[PDB]
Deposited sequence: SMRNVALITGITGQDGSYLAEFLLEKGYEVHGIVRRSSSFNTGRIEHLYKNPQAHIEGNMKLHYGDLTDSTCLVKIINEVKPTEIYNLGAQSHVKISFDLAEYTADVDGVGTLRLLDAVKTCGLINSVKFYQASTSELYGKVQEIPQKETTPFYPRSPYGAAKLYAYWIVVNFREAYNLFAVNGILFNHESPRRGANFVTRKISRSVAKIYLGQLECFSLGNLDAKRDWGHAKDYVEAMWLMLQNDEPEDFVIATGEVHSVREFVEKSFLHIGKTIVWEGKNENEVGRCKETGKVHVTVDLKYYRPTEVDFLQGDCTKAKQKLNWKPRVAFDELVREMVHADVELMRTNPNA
């Protein structure tokens, strides 16, 4: 009996995880939000899958769904997941990402599933924020730098407390940045791949970014959802960093993306006056706008996933260069078939 409940099934990770579990013959249940528009674009090709209307702020819907489904595995991926937006939506973010995690854990307990459920929490490298060690591993102290980070920190610790207090098999995947062709359009990697694709097709000339010097450890969502499953296959409930260990700047992401459409970016100017110019044509394609900066930036992330390599035998398959290629190529195809986004 293999029955998964995925919160956040409509998101990037949820959509890949649903595919991965379906291929293994799981019965997959997802919680979807009511919307005035179509909102199941990433999973519509899959309808073994059942969707249920719910929200992580509605305690009764969560108990009803868990009590009806009686899952063997719960993946809490549901969240207001955007860091910049969390500064203007601090309270909603706290209620969904922090308190919502508690609601789900409490529903497990309320439904008498404390000894049968395995629970995965979507923890995050944003917890390290202003990094206290380089690289960051499971024992690096946390230092959040946004309302999102603070809410995720609550979630991390309440999960730990349920494991310790009630012997719930509950784990924190401390996943570093992961991307894909299904990545939200207002995250930096997809913003770049979409804009580069549009420039290639003559639908756009120039776009603006924020902090070009931010550095990230970027992997592929499809690899990372497998690690989530492996953490629940472990005999003991343990927390794990999942990451590539390799660091690149936003600037490098831009450079590599443009090279895939035959353009070499050369930078000129500094800070908010910095521009990225195509060497071959002389045309400006990238500018900087201060409005995209965060009040408290996370400058640098680099994960050490030695523990996961040893215990889970997990290794990332997609490296940064192939990630950039796949994203630009996919968005060229997407924008060619349909110029409207």
Parts of the chain sequence, as deposited, that carry no C-alpha coordinates in this structure: 1-2, 50-58
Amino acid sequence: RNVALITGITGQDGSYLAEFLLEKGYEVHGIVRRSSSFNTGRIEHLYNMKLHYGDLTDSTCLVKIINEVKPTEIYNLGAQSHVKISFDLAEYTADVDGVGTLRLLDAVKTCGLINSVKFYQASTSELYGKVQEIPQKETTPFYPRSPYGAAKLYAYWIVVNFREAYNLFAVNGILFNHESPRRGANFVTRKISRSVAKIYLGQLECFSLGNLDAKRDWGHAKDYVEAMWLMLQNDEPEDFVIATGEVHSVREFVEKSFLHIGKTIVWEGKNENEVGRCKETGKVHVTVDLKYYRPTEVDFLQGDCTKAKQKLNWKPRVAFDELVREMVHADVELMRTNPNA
From here on, numbers count along this sequence of modelled residues.
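Whichever C-alpha set is largest while still superposing within 1.5 Å between the two forms counts as the rigid core.
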Which stretch is more displaced from the shown form in 4 other deposited structures of this protein, 276-284 or 27-35, with RMS over structures and residues of Cα positions after a rigid core fit? 276-284
Higher mean Cα B-factor in the deposited model: 192-200 or 141-149? 192-200
Got a sec? Mean C-alpha B-factor, which is higher, 274-282 or 294-302? 274-282
So if I compare the CA B-factors in the entry for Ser257, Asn172, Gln136, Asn211, which one is the largest? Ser257
Among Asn167, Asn186, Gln132, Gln233, the highest C-alpha B-factor in the PDB entry belongs to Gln233
Lowest, middle or highest third of the chain for the C-alpha temperature factor of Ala18? middle
State the tercile, meaning the lowest, middle or highest third, of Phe240 with respect to the CA B-factors recorded for its chain. middle
For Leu89, return the chain-relative third of its C-alpha B-factor as stated in the PDB record: lowest, middle or highest. middle
Compare the C-alpha B factor of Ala341 with those of the other modelled residues in its chain, then answer lowest, middle or highest third. highest
Ranked by Cα temperature factor within the chain, is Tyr53 in the lowest third, the middle third or the highest third? lowest
